[PDB]
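Read through the structure below, which is laid out as structure tokens, and then see the notes.
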Amino acid sequence: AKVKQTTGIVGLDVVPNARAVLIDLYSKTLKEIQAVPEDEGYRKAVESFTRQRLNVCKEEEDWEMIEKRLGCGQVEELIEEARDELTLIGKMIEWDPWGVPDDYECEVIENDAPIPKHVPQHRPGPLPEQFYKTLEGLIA
Amino acid sequence: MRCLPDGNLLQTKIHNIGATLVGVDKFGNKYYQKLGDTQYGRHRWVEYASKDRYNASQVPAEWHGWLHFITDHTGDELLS
Amino acid sequence: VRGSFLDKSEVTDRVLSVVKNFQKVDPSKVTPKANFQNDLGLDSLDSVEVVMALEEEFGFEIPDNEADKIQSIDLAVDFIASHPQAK
Amino acid sequence: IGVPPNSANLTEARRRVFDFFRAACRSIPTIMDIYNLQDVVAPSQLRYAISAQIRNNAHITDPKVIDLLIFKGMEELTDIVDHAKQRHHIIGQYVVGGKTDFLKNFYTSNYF
Amino acid sequence: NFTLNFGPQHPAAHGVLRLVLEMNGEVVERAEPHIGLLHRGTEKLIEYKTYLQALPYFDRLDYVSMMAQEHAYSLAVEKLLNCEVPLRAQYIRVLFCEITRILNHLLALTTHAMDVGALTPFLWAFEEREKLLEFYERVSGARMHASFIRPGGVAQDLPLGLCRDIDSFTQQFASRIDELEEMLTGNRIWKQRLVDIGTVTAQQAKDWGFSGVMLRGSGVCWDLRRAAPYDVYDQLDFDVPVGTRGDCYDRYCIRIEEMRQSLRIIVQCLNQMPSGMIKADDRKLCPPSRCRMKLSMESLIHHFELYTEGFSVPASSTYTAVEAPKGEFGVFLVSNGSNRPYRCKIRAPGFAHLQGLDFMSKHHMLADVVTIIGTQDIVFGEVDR
Amino acid sequence: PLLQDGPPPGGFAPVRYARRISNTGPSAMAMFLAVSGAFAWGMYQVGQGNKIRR
Amino acid sequence: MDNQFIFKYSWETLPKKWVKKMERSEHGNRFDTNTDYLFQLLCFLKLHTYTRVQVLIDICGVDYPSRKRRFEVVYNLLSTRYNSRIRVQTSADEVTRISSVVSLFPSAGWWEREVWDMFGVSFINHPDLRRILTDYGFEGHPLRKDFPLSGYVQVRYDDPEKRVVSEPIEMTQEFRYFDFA
Amino acid sequence: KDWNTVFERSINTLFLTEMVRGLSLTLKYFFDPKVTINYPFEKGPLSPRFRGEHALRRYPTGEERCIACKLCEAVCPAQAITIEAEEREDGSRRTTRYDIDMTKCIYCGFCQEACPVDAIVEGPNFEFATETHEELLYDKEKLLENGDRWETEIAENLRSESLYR
Ligand SMILES: CCCCCCCCCCCC(=O)SCCNC(=O)CCNC(=O)[C@H](O)C(C)(C)COP(=O)(O)O
Ligand code: SF4
Ligand code: SF4
């Protein structure tokens, strides 16, 4: 309930009405994505995570819980991602990249040459549960 | 009298006060030590035989290691 | 007294010489109403080099819009005789 | 300002060729002042070398190659005006200001 | 606008620094660095060297953080070779990486101070640099270009009594940091020269590929030792300081705090240093001992091969990065199966930082330009390669 | 051989890394009172000296 | 966000025509794309919520003389949001201009200048494309495999002209190539 | 905020209280001992591993150690070493030419590591500045002269470092 004083990130201003901003952005996103063909994996994935984040935003009235439930950083960084998705939606509509070409070909390599434990390796850890739900929803 | 124009030699003369003679080499260069702790216990010096026109390359190889703390053996022990 | 324009009679000969002096131009087809492309056997690249020579001669820049309108001698002449920066 | 896309046809390429030649020629007085060439060469000789360069490449039919040549010419010209590397009878890469060739080459060395 | 062509031409500021500034009186409008004055074709030369012969080129890129680049190159080769490094070697490599971090920060901080007029801390800090330079000389025989960290481990074991002399250094180093701080931190002139100078937001830092202190100054918690750990950094306790304002004063405080954290790491490496080999045992990639080479046919054959042909690296390509004192130092290595690298692209943090001088110095005073170059910590060996 | 450089039995002595603080100064009212008293009494003394010089 | 998730999620979400090759490996997840799609693929990866690739680490060229398109341009990218790296590569030749990504990542500006300097690959819409490392008036592209190691010219002071001048190289002792294969 | 805290802030500003502290610590080092070395009478510390001027070594009999294997020439990252060799009149495999260009060499020590007979070493000498470039083109005889002059120190250093290599 307490107003956030700082995000600790230089140039990222605190957004006091983050809940109202996020609900607006997600609702706008769920309309603009309908210009994409329904069979495209981009449209499916975008709807999947926008809906869950919207449902969380609707349920919780305290931005601290919204941050806690989503696990995706501060509400100000959630607003940035929501704005960027809306921008990407506009570009992808204009680009028209949809559809598989006639003589489509794609080589896939899965190289299993191991690397030592000691060399640098990114190991971020498990993502929030929705990422895996989105992925398995895309597979099916 | 070299101390008046040559201040580098004077610093060695002053630091020589209270020092111990370790040895003399073939060229006449004299080697001194203090056994204290001012520059982290590093108190090895050479007083070159020539009070003028001295040069660092005049230290023989037997004493070069001692002077640079590379070894604890003096030039005499190495030669033996 | 002052003046802003170079007399036309002074301009025609100056354009007449620089085309004669320009190579690939025999000084016999150089009638003052000649076309660099049709009457002078000059390609487009040679024609571009002629307007450049006149710019330097009269000391002033000629815009692309008007660089193209100078396709003949009489046309190059008129433009300079009425242009006040020509000096 | 930015690098333009590759020319669609030889009309677009030629418009660009003409544009470059105009810029190269319009910088000639600046070059003459920088290298102090008033008593070495005439400005038209500078113009002839530029038009020569262009005429030696009149057999190119691919607009992509023409664009690359124009880009390299623009780069070469910018260095000559901004970062002059003065050499007496040489501006950039341009020399400014009874026996056959075999016997001369034979007299010189064994490598022709 | 009139143009000012100011190139600091001596150790005062870098030395090959050449800047074209457009001014409005004393206010800077635009800054254009002209580089390549130290471009020596290192990437081209590496393609003509075996993997061992290319190693000394890394000491001479960021020539203030020598061993940190040797580590990055060795890690890249060990990655493509799938070579396992003994634990003792990993601790020695981390120990000297943090020693190399202190050497870097001591120089960066006190050379920046001398340029704004604080002449004393340079002299105090360089006597501490000499002590650490002695440790480089005792393990490798060179004060700067050690060539000590190698693929598979380190060139030689530590001489007896070195760990004790490093411990005696650590006992007194906190006092040396406190004196540098007491000279600068609280001083009103120092604060006036650095507070709100060269402000960078987090978005700007990510857009311009900033890393290291230049990125952590803007409040972005990102250190490659924690994000993508290597060697034994996962068994060590240290904090990652981050800024809250993103100006030159936060980056100064971070570099000071990073030397205290480097001191903390060195203590843990000293205490946890295990016994064992300092070189990977495989007999295809590491030199034999002198006694073995002079007594065993197999060892002599391997020694002959290693110092003439060098080892081969299977055909592949990868990007390897470490947290160098100046930021993320990366190596894009392309192997074609032979004994020489096919391509070695060197990603230098100072290349990204110097490119951002234009936006950082915008609308600042002329005398703030050197302050901004100081907080970027530019060494042109790695900018130009 | 088998002897390698390392910690002594029990490890090295603990070392501090944090900034040790220092409270050195009179500060505040001490300096202001000293300066004000000096001004008042010294100006009185200036008057006395001027009278003697007169 | 591990490399397993990136490979799978990119297969499901990206438009199919963009990516011609996908390599999942401990050496790095790599996406090969045609030149006409490089700009759009890099804008997708930057803006999309589940990728958030915000940092361009660097751009480099590789010369493959045995290939019809001899140059490979490699984009090493980083997501600080998800702590993951991605490699996007595309091929080019000596005359085909490829798209510049300065409008996406301002840090690409000097790296694309280096690629033009070192390899001769040109970038459409680059605000200021000129050599950045080599000497002014330099001829050739030194990182091409057919460019000689010691170059073609060298400089010296010339007292009669009172200046430093450039002349064809003369080597007192040649580079010795030791073929150990 | 408070008249007492405002007062203290103002007084600290006007009387330069933090500038006094910087003066006090500056004066403390004025009276302390100095760290300056009185070169050339006094020298800085070095170690047995120090990589200095190259030297060619002999056996105690006077025979050269080098057998012209050319390993040092092959490994040299700067290509600073040039070697010619042929069979000696007694059938021995020996160099007729061994040049090190001291102005190309990077003083890496790779040559000393590569040598199988301890023939080429980087000795401890670092004071060999010259007045000409040609004096830094060392031929075989100059290198063997260095070995004779520095042999006593080189041998002691090798005994010291034989426990680590
Ligand atoms: C100061 C010096 C620095 C600047 C100089 C740099 C070097 C300059 C050279 C670079 C420019 C080129 O070669 S760019 C290549 C120029 N050539 C082409 O455009 C190929 C196609 N040919 C044609 O279009 C015609 O033959 C043509 C005669 C051009 C006109 O057409 P006309 O036949 O209808 O007159
Ligand atoms: S020190 Fe290194 S560069 Fe110099 S000669 Fe020996 S091996 Fe070659
Ligand atoms: S010095 Fe040593 S490595 Fe070099 S040729 Fe002679 S024996 Fe071989």
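Lettering follows sequence order; numbering is per chain, from 1. In each ligand, atom 1 is the first atom listed, and ligand 1 is the first ligand listed. Heavy atoms only: backbone and side chains are in, while hydrogens, waters and symmetry mates are out.
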Heavy atom of the protein closest to [atom] (residue, atom name, distance):
atom	answer
atom 12 (C) of ligand 1	D:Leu69 CB, 4.1 Å
atom 4 (Fe) of ligand 2	H:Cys105 SG, 2.2 Å
atom 8 (C) of ligand 1	D:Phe20 CE2, 3.6 Å
atom 2 (Fe) of ligand 2	H:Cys108 SG, 2.3 Å
atom 8 (Fe) of ligand 2	H:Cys76 SG, 2.3 Å
atom 23 (C) of ligand 1	D:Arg14 NH1, 3.9 Å
atom 31 (O) of ligand 1	C:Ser44 OG, 3.5 Å
atom 29 (C) of ligand 1	D:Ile54 CG2, 4.3 Å
atom 9 (C) of ligand 1	D:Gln53 CB, 3.7 Å

**OP:** Pull out every atom of ligand 3 sitting under 4.0 Å from any heavy atom of H:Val117, numbered as shown with elements.
**Re:** 7 (S)

Subject >> Element-labelled atoms of ligand 3 that are located less than 4.0 Å from some non-hydrogen atom of H:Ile67 >> reply: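 So the answer, numbered in order with elements, is 7 (S).
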
Just jot down the ligand 2 atoms closer than 4.0 angstrom to any heavy atom of [X], in number order.
X	result
H:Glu122	1 (S)
H:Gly109	1 (S), 2 (Fe)
H:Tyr107	1 (S), 4 (Fe)

Original post:
Angle class for the E:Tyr51/E:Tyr73 ring planes (parallel below 30°, perpendicular above 60°, tilted otherwise)?
Top reply: parallel

**OP:** Assess D:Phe21 for proximity to ligand 1: is some non-hydrogen atom of it under 4.0 Å away?
**Re:**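 It does not, in that no heavy atom of D:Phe21 comes within the 4.0 Å cut-off of ligand 1.
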
**OP:** Measure the distances from the heavy atoms of D:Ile66 to every atom of ligand 1 and state whether one is below 4.0 angstrom.
**Re:**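 The answer is yes, since D:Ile66 has a heavy atom less than 4.0 Å from ligand 1.
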
Original post:
For ligand 1, which atoms sit closer than 4.0 Å to a heavy atom of D:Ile60?
Top reply: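 That gives atoms 20 (C), 21 (C) of ligand 1.
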
**OP:** Report, in ascending order of atom number, the atoms of ligand 1 lying under 4.0 Å from any heavy atom of D:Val17.
**Re:** 19 (O)

Counting only heavy atoms from other residues, nucleotides and ligands, does the tally under 6.0 Å from [atom1] of [X] exceed 12?
X	atom1	answer
H:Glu63	CD	yes
E:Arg143	CZ	no
D:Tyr48	OH	no
E:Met144	CE	yes
H:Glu141	CD	no
C:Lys24	NZ	yes
E:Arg290	CZ	yes
E:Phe304	CZ	no

NZ/NE/NH1/NH2 to OD/OE distance under 4.0 Å, [X] and [Y]:
X	Y	value
H:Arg94	H:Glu87	no
C:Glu49	D:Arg22	no
H:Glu64	H:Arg58	no
H:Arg57	H:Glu151	yes

Tell me the nearest of [options] to [atom], using heavy-atom distances.
atom	options	answer
atom 1 (S) of ligand 2	E:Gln53, H:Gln112, H:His54	H:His54
atom 22 (N) of ligand 1	D:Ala58, D:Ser7, D:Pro63, D:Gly73	D:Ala58
atom 3 (S) of ligand 2	H:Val121, H:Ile106, H:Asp101, H:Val75	H:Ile106

Original post:
How far apart are the C-alpha atoms of G:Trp116 and G:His126, what are their side-chain angles, what is the distance that settles it, and do they pass the ring pair (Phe, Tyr, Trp, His ring centres under 6.0 Å) test?
Top reply: CA-CA 11 Å; G:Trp116 160 247; G:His126 191 297; over 10 Å; no

**OP:** Decide ring pair (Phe, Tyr, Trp, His ring centres under 6.0 Å) for H:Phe126 and B:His68; before the verdict, give the C-alpha distance in whole Å, the side-chain angles of both, and the deciding distance to 0.1 Å.
**Re:** CA-CA 11 Å; H:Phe126 58 95; B:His68 295 82; 5.5 Å; yes

What do you reckon, does [X] have a nitrogen or oxygen under 3.5 Å from a nitrogen or oxygen of ligand 1?
X	result
C:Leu45	yes
D:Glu76	no
D:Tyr94	no

Original post:
Just heavy atoms, cut-off under 4.0 Å: does D:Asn57 contact ligand 1 by side chain, backbone, both, or neither?
Top reply: both

Original post:
Can you list the protein N, O or S atoms less than 2.8 Å from atom 4 (Fe) of ligand 3?
Top reply: H:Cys72 SG

Subject >> atom 27 (C) of ligand 1 protein-contacted, heavy-atom criterion under 4.0 angstrom >> reply: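 Answer no: nothing from the protein, no heavy atom, is under 4.0 Å.
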
Original post:
Within 45° of the axis and under 6.0 Å from the centre of the six-membered ring of D:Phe21, does NZ or CZ of D:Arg16 qualify?
Top reply: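 Ring-cation test returns no.
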
Original post:
Could you go step by step and tell me if H:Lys142 and H:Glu145 meet the salt bridge (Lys or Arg N to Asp or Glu O under 4.0 Å) rule?
Top reply: CA-CA 5 Å; H:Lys142 162 82 172 143; H:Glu145 287 167 359; 5.4 Å; no

Subject >> 4.5 Å side-chain heavy-atom contact, D:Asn6 and D:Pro63 >> reply: no

Original post:
G:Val153 versus G:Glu167: any side-chain heavy-atom pair under 4.5 Å?
Top reply: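 Not touching, per the 4.5 Å side-chain cut-off.
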
